[PDB]
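Heads up, the chain below is alone and in the form deposited in one PDB entry; it's given as structure tokens.
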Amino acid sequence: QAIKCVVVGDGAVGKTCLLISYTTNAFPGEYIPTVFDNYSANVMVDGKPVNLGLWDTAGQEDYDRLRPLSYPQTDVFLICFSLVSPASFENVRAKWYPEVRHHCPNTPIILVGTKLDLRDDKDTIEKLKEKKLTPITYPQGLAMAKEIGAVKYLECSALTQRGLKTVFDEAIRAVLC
């Protein structure tokens, strides 16, 4: 089965590494890849073959006009935010959700908290503390998942691949049902 999953969200949240880390199985650390490059993967979810197509996007405003050009025919979305970046989190209901809804009302949305390995990182907790800021909690992510009516709320790390695989098995299941 063919399944088109597109990943949206602020730039620097982890979208690109997420896809690369999942498809290759190697954190794209040390080289940072080709720009507007998309991905794909052949997987078996509950005994079924799937051709998962992964569309990466430009978070920036400058792409507000063209990022949506990828929305037609999509089966499920991944709205992402960085667990150690409250800025991206707020933007979920603030920008991404309304956009994905404007264009695709009725499509399975899955909320992803990225950079999980950092939410429990020492210096990250501290550096963040300096700016009188603090990581996003699972309850917070969960509440958001509910506010925007997302079928699932997942957290992961493209670095330690923690939670990674699951993000996509559940993505596929939201389409297969």
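Only residues modelled in both forms are compared. Counting begins at 1, following the sequence as shown. Only the largest set of C-alpha atoms that superpose within 1.5 Å between the two forms is called the rigid core.
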Averaging CA B factors per stretch from the PDB record, which one is higher: 22-30 or 136-144? 22-30
Regarding 120-128 and 40-48, which shows the higher C-alpha temperature factor on average in the entry? 120-128
Would the CA B-factor of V175 place it in the lowest, middle or highest third of its chain? middle
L66 - which third its CA temperature factor falls in, relative to the rest of the chain: highest
Determine, from the deposited record, the chain-internal third of the Cα B-factor for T57: lowest, middle or highest. lowest
Would you mind ranking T16 by its C-alpha B-factor against the rest of the chain and naming the third, lowest, middle or highest? lowest
Split the chain's modelled residues into thirds by Cα B-factor; is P72 in the lowest, middle or highest one? middle
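There is another form of this protein, the form solved in complex with a partner chain, and it is not shown here; the text below is about that form.
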With the partner chain left out of view, choose which of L142, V43, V151, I125 has a non-hydrogen atom within 4.5 angstroms of it in the deposited bound form. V43
My question is simply whether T134 lines the interface with the partner chain in the deposited bound form - judged by any non-hydrogen atom within 4.5 Å. no
When the contact criterion is heavy atoms within 4.5 Å, does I20 count as touching the partner chain in the deposited bound form? yes
For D37, is any heavy atom within 4.5 Å of the partner chain in the deposited bound form, or not? yes
Just one entry of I110, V45, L118, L52 has its C-alpha move 2 Å or more between this form and the one not shown under rigid core superposition, and it is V45
Take the rigid core as the frame of reference and indicate whether the C-alpha of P68 shifts by 2 Å or more between this form and the one not shown. no
Please check if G29 moves between this form and the one not shown, taking a CA shift of 2 Å or more relative to the superposed core as movement. yes
Relative to the shown structure, Cα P33 and Cα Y71 in the deposited bound form (3 Å or more change) are closer
Closer or farther: C-alpha pair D46/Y138 in the deposited bound form, relative to this form, given a change of 3 Å or more: farther
I need the moving stretches between this form and the one not shown: superpose on the rigid core, then report runs of 3+ consecutive residues where each CA shifts by 2 Å or more, in sequence order. 29-37, 45-48
